[PDB]
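Asker: Starting from these lines, generate the structure:
(chains A, B, C, D, E, F, G, H and I, ligands or ions: 1)
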Amino acid sequence: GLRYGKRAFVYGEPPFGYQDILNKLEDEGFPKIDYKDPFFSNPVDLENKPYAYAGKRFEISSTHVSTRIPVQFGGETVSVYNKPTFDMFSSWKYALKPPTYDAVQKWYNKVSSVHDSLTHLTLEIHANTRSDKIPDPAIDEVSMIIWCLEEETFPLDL
Amino acid sequence: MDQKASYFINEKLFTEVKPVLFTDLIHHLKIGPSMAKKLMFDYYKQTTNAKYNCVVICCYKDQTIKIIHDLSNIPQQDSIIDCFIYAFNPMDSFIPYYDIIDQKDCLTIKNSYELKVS
Amino acid sequence: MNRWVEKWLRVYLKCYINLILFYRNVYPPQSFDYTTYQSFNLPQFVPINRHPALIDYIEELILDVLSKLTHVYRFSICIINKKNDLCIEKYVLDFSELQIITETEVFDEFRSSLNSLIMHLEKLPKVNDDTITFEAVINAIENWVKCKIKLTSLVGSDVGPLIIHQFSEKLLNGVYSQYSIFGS
Amino acid sequence: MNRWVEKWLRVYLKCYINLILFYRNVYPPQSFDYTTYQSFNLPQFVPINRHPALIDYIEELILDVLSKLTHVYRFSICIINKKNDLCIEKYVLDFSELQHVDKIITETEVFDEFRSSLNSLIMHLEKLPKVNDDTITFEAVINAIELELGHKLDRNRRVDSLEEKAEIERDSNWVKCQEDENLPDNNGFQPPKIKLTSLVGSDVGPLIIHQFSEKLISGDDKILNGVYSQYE
Amino acid sequence: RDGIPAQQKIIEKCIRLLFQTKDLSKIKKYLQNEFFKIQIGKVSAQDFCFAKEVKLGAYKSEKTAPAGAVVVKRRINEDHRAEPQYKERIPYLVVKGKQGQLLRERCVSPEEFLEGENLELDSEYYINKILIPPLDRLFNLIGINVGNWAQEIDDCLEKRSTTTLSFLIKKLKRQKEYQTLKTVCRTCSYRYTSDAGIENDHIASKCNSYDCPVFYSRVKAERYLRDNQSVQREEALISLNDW
Amino acid sequence: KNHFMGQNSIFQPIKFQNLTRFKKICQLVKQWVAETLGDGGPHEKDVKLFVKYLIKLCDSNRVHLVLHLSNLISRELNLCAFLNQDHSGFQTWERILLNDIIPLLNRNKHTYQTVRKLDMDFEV
Amino acid sequence: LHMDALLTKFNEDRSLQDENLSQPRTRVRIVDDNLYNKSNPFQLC
Amino acid sequence: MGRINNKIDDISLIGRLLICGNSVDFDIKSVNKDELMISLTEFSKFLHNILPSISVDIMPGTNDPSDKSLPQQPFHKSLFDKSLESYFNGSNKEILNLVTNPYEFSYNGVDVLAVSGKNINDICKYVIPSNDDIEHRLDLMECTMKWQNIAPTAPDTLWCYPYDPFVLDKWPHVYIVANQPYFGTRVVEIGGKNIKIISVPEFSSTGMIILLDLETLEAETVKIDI
DNA sequence: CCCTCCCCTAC
Ligand code: SF4
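Answerer: Numbers count the residues shown, from 1 in each chain, chains lettered A, B, ... in the order given. Okay, here it is:
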């Protein structure tokens, strides 16, 4: 265990624990899990218009950093009011993390001798029609008959 | 030739990092391929700083043009009919680049048909 | 000078504590609000606890620490293993500031420090559930009760009188389990 | 004239970054493919990675750098050890003395200069010692003269077009840093000495770019440990 | 089963996207792409067929008869043996027509639609009537309506090489697709013909199965190859390469 | 294309012998060092001007360009060996390129902001 | 057998003859009799 | 051009070069005009550098930008670099000649029937349980000569033919089928007539060239490594 | 705006 220090003070224990936090949050009136409501990936589609239907107001926002509110301390949002004041010869870093080696490697790697049934017989016909008129029993005669008996359920083995 | 081909090779090898082929000497000095091979061999000597990787090919009796890679074991040694430095490479990867050559008077085997314009 | 330093140090410490709490398992995910907040204009998500009592406790701790800043030499958030009472991890904020400097410099310094903290916390291995506890520990120079290593230096504020230094230390029986905290 | 200048700069930056990633084992060599077309005609057969996320990341980074190239006089790619946050290798693209004219150098000459510069880079990179797998990562650092970033979200402006959204993303995607921030703090027990190597640079009519590299090439233990594949 | 397969697929995809990602940007992009594809005509034309069963003798009047009843009656008029069975689904499509024309007035059968030289699917009618109402019913409970998304949606001759390359690429793509379709149809017809040479490609081309998407694809490919635009492209190619 | 620029570009290049491009001045220096070997040695005024230009380049945080020029001169001298070596011009050129150039690399360690950390280990 | 030995065995004693390049030899004349005969069976409009 | 071999006496005997197809390899399903233009400019650079020394005949291939049917029309006058305008003036067709995929070459009185090999590559894509080797391909070419037609598999090889050129009316002296897995030659005698059949391998894999002597009808091979 | 007829589904 790491030593606290030569002269170290200890603060009071937090009110909640790992298991009591969700139960106390439910007791306070909030749901245990705040499932994400429908949102927009980019703020271009927000359209800056109220979302309502049949007198019911719907609050739709986006997860983009542009529409995310600043973190508030004491219930009041803290923000910068004065215009930025820069200095000459400033160096900057790109922040955003690239894909990892493992991710790229993983992507590359993947890419009864008793008759108790009913005998069955089926018939189909072919009739030579005239031009395009569909076969007609009164003018068109039958040229071919095709019959198939079901061998699975046919007894007597003739 | 002397004191000129060496300067051209040095410039094209170090001032700009580009592989130098003997056909480049052929186009530059307007000289025959055998003389270009001779100048490449001459430049291959008297060089204390071996900052380039010479690329050589072996011409066999069966006209098997082969790029020598192993540089230790060359199969069919008695079958080699010609051997010369094909190019000088300042890097491990060869990957040369080719462009349009104005071969006005560098041809050694011209075709029978002459070009007609308008 | 000091006005902007305190004004942004409150928010910086709040984001500090909330990020440490969420990225470890002292309190479970789904108890934080990582979708509707931004810390210091950073592109990353910042989580804030949804329980008003814990938020009020954290804010009171921050205000108490800032009240005695002239006497406090160090401030750290100690990760303590349950059933062992051993400090597995520590995240110290060394203070060498002296009590001029514009608001922009303070904002940029705190934004860079928070970015470094987020990047460091994202790479840390995942810890299991109900096996972690946190404690706020402060050190006096020269609600408070008297009391191997792997150092990892992180960038703090150095834009003038602000000389805050940030670093973390490490080193347990089955607490750590390798496995993406925002994926649930 | 920036319609063609920006395209050539984009091609050069893409080839530069892909070559650095390929030759330093930042990503596995099997993902990289030798190619001539990568949505633009490349100067040579540059190896370009086929990972879609990596391609998008590199393209976005190049576009972000080009969007602020007027204030950027130096763009650098930093090679950082994963075991401990420390810059072990640094490749610098000097954009100072680069003409910024909005008003005929053609493409063949520009690509010839680019071929010479990239050949110099490849020749330098080949001689460097090999790097083990899954132990290194890269970072992007730009040196600007007069700009401030991360302060365009204080106005609570709502974006209405893709261009404005991209601008607000690029203005807040960067964090202020200090010079030689990732370097070791000069412990004093056989202090590391940074090693500087100069490389050739393109000198086309509108494009004047200088390039050089940096390397620790030293240490005081616990640095460059298990990253350079032992002796060879 | 009183709609079309395309609408079923679109609603299923939108609902799955909403339930999994909860992001409306992906739904908007997918819907806009689908609407653009429907407008441009890059659709199967098999997924835009209605099929409702009709009872010919169980209608109050000819005015109250369904849209499929009109198609069935027209087929009966052309041949009396084409009388459908009771409660048999009769497929039909709607086509572009004059303003104010009744829906039952268009009522194109798939056989008539495919053989029709200048018959075009009513993109506006489909996109509005068949797509917007169900999506609005499912999405008005969220607070958004898909109607806005739907409503929101010389020099070349000098460069002979680029123009000829583009024309060649388009023509070769169409030819390769047609060859693949013909190979598929020949392999399918091998079941009956049991032959691999000529007189089997003839039989394969004689197929007119309206339950197979390959038949629709082959008909569309033949129409594209024989279209006037292809003739225009060939004439432009000949003119460009006449130098 | 803005107000902070010192010239048509972001930074003002140092002009030597009415030359601005670095490739042009590099090839001019190479031609001069090739021609001055056969003259018995470069003139003192030319060497002084080159030293002044190198000092200006170093004071402007362009030590990479100074290293590039040093490497170019050293490579030219090495390639000129075995043909014009020890010809009363090679020795003087080598002595100049050592004494008046190599110590100059370890001066003006500034990067427009305080001084660079650690020490310089140039390729030379 | 070292490649230096092969290089000094072949390139050293080069011929350096019949390559004056002032009057290069003409290639053997091979004529296609169907070039202007036309009537190509495989030519389609 | 005689630079490599340096035996100018023997190299000068090669009067003409015949490119038998598959000059560029691409997928029509996913290809833009930029990449195809890059490859075509590379080919045009090769042609410009080699045309002054030798005459080259170009033949369309399967994956070349030409129609998928066997009677492929010649390469368009465009899709070539601007440096070839003099060669494409019309009068100088003895240096550069663009011909159809099946074409009869009367080279100095010797008739040569050449095809880029779609017919043989098309018969070989079937499984015939009544009969891939170099001897098998040569036997298939012999059968194509005996049957007196060039495209036995019409539904797979040729598209709709207006108004059949593939039914032979005259037997050539040399039969060339290119883009094959292996190289092989065989002399056949059908009805007292001697026909020489040559199988030309690809250059991308097994980068081998075939030298055909017109005087003795003997084919000798030249190989290039790397 | 409202009514009637028709199609199809859920319990
Ligand atoms: S259309 Fe469908 S069914 Fe008719 S042949 Fe082609 S594949 Fe077989």
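
Asker: middle-most residue in chain G, spatially?
Answerer: Among the residues of chain G, the one closest to the centroid is residue G:27, at 7.5 Å (CA atoms, centre = their mean).

Asker: ok, it - contacts?
Answerer: B:109, B:110, B:111, B:112, H:12, H:14, H:15, H:53, H:54, H:55 (CB atoms under 8 Å, 6 or more residues apart in numbering or on different chains). Just so you know, the C-beta spots here come from the backbone N, C-alpha and C atoms, and that holds for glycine as well.

Asker: I'd say the third one and residue G:25 touch.
Answerer: Pointing back at residue B:111 there. No: under the criterion of CB atoms under 8 Å, residue B:111 makes no contact with residue G:25, lying 10.3 Å away.

Asker: Between those two, which has more neighbouring residues?
Answerer: residue B:111 (25 against 15; other CB atoms under 10 Å in any protein chain shown).

Asker: With the flanking residues excluded, which residue is spatially nearest to that one?
Answerer: Nearest residue to residue B:111 in three dimensions, chain neighbours excluded: residue G:27, at 4.4 Å (CB to CB, 6 or more residues apart in numbering or on different chains).

Asker: What separation is there between the one you found and residue A:28?
Answerer: Remark: distance between residue G:27 and residue A:28 (CB to CB, to the nearest Å) = 96 Å.

Asker: just residue B:64 next, same as before
Answerer: 86 Å.

Asker: hmm, whatever helix or strand residue E:26 lives in touching chain A?
Answerer: Assigned by DSSP states H and E, residue E:26 falls within helix E:24-40. Yes: under the criterion of CB under 8 Å from any CB of the partner chain, chain A is reached by helix E:24-40 at E:24, E:25, E:26, E:28.

Asker: Scan the residues you listed and report the most crowded one.
Answerer: Within the residues of helix E:24-40 next to chain A, most neighbours by other CB under 10 Å means residue E:24, with 25 neighbours.

Asker: isn't it right up against residue A:45?
Answerer: Yes: applying CB under 8 Å, one finds residue E:24 in contact with residue A:45, separated by 6.9 Å.

Asker: contact partners of the helix holding residue E:26?
Answerer: With CB under 8 Å, 6+ apart, helix E:24-40 has contacts from A:38-42, A:45, A:60, E:6, E:10, E:13-14, E:17-18, E:43, E:123, E:126-127, E:131, E:135, E:142, E:144, E:146, E:149-150, E:152-153.

Asker: Need the residues that contact stretch E:206-215.
Answerer: E:44, E:46, E:91, E:110, E:111, E:181, E:184, E:185, E:188, E:189.

Asker: end to end, how far does it reach?
Answerer: 11 Å (CA to CA, to the nearest Å).

Asker: With stretch A:131-147 instead?
Answerer: The straight-line separation of the ends of stretch A:131-147 (CA to CA) is 27 Å.

Asker: Residue 94 - nearest residue in space that isn't next to it in sequence?
Answerer: Because you didn't say which chain, this covers chain A. residue D:140 (3.9 Å).

Asker: that's the other chain; I wanted chain F
Answerer: The shortest distance from residue F:94 to any non-neighbouring residue, by CB to CB, 6+ apart, is to residue F:77 (5.9 Å).

Asker: How many residues are close by the one you found?
Answerer: Neighbour tally, residue F:77, other CB under 10 Å: 17.

Asker: Partner strands of the strand ranked longest in chain H and their direction?
Answerer: In chain H, ranked by residue count with DSSP state E as the criterion, the top strand is strand H:193-201. Taking DSSP bridges as the criterion, strand H:193-201 sits next to strand H:174-180 (parallel), strand H:184-190 (antiparallel) in its sheet.

Asker: which helices and strands sit right next to whichever strand or helix holds residue C:145?
Answerer: Using DSSP H and E, residue C:145 falls within strand C:144-146. Applying 3 or more CB pairs under 8 Å, 6 or more residues apart in numbering or on different chains; DSSP states H and E, one finds that strand C:144-146 contacts strand A:8-11.

Asker: who's in contact with the strand it packs on?
Answerer: A:4, C:61, C:135-140, C:143-147.

Asker: Quick one: the residues you listed as JSON lines, columns for distance to residue E:242 too.
Answerer: Output for the contacts of strand A:8-11, formatted as JSON lines (distance: CB to CB, whole Å):
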{"residue": "A:4", "distance to residue E:242": "90"}
{"residue": "C:61", "distance to residue E:242": "85"}
{"residue": "C:135", "distance to residue E:242": "87"}
{"residue": "C:136", "distance to residue E:242": "85"}
{"residue": "C:137", "distance to residue E:242": "88"}
{"residue": "C:138", "distance to residue E:242": "89"}
{"residue": "C:139", "distance to residue E:242": "89"}
{"residue": "C:140", "distance to residue E:242": "94"}
{"residue": "C:143", "distance to residue E:242": "93"}
{"residue": "C:144", "distance to residue E:242": "94"}
{"residue": "C:145", "distance to residue E:242": "97"}
{"residue": "C:146", "distance to residue E:242": "99"}
{"residue": "C:147", "distance to residue E:242": "95"}
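
Asker: Now chain B against DNA strand I: closest residue?
Answerer: residue B:95 (64.0 Å; CB to the nearest atom of the strand).

Asker: does any bit of the helix or strand containing residue B:88 sit next to chain H?
Answerer: Per DSSP H and E: residue B:88 is located in strand B:80-89. Yes: contact of strand B:80-89 with chain H (CB under 8 Å from any CB) involves residue B:82.

Asker: Would you mind listing the buried residues in the one helix or strand residue C:12 maps to?
Answerer: Secondary structure from DSSP H and E places residue C:12 in helix C:2-23. Of all the residues in helix C:2-23, those buried under the rule 16 or more other CB atoms under 10 Å in any protein chain shown are C:4-5, C:7-23.

Asker: And stretch A:3-23, by the same measure?
Answerer: Quick answer for stretch A:3-23 (16+ other CB under 10 Å): A:4, A:5, A:8, A:9, A:10, A:11, A:14, A:16, A:18, A:21, A:22.

Asker: okay if I get these as JSON lines plus distance to residue H:200?
Answerer: What follows is the buried residues of stretch A:3-23, written out as JSON lines (distance: CB to CB, whole Å):
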{"residue": "A:4", "distance to residue H:200": "83"}
{"residue": "A:5", "distance to residue H:200": "84"}
{"residue": "A:8", "distance to residue H:200": "86"}
{"residue": "A:9", "distance to residue H:200": "89"}
{"residue": "A:10", "distance to residue H:200": "87"}
{"residue": "A:11", "distance to residue H:200": "86"}
{"residue": "A:14", "distance to residue H:200": "82"}
{"residue": "A:16", "distance to residue H:200": "81"}
{"residue": "A:18", "distance to residue H:200": "76"}
{"residue": "A:21", "distance to residue H:200": "78"}
{"residue": "A:22", "distance to residue H:200": "76"}
